[PDB]
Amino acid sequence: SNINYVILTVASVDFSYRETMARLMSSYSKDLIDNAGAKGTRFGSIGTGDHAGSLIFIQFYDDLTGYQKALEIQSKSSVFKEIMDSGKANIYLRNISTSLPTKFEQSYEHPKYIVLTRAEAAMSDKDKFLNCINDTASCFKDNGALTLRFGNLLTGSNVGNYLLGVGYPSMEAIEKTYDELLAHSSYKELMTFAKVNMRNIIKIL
């Protein structure tokens, strides 16, 4: 119960409806934050990879009951109905991840960018993994990283993959983080037992 949960949803959206949608979604966020007990949300545009241009919504819950309450909010929500009736937004992926305890100094600052990284590794290496993450915590915080969350995808066609989400105020902070990170022993160790199979930048809208 020290474990938390993250819902990640991805939709293709007509380009014209993008700004409309971000405004509707902040309304929909306040509703989840106030009534479903959501511990924050993020909404942004995926900037990189094959889903570039898709929009992503991220929800944080302490327990899966929270998400279940969020599902009851959807059914009753006018803003949600409007987006689905528009015919301009198509949800094509939704998956849930655990969020595990890390030794990382969380900041309250809303990030402008998020880097999600996904990797394949044995479930038996879960602790090795967690140690590397904690050993490089200062690579991130020192170079401007705001938030760090880490866990495993519980659902979908990448079930079991480890996932890392890191919030930044700028792309400079990303560059400076990755300069240090790639020349750090714990990172080079990670690369002996974990295969990164995805890395992408989201722009918070």
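Just count from 1 along the sequence shown to find any residue number.
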* To do: Between 67-75 and 90-98, point out the one with the higher average CA B-factor as the PDB entry records it.
  => 67-75
* Comparing 48-56 with 138-146, which stretch shows the greater average C-alpha B-factor in the deposited entry? -> 138-146
* To do: Just say lowest, middle or highest third for the CA B-factor of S27 relative to the other modelled residues in its chain.
  => highest
* Asked: Going by the entry, which third of its chain does the Cα temperature factor of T177 land in?
  -> middle
* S1, C-alpha B-factor rank within chain (lowest, middle or highest third) -> highest
* To do: Pull the Cα B-factor of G40 out of the PDB entry and bin it into the chain's lowest, middle or highest third.
  => middle
* To do: Using the B-factors in the PDB entry, rank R118's C-alpha atom against the chain and give the third, lowest, middle or highest.
  => lowest
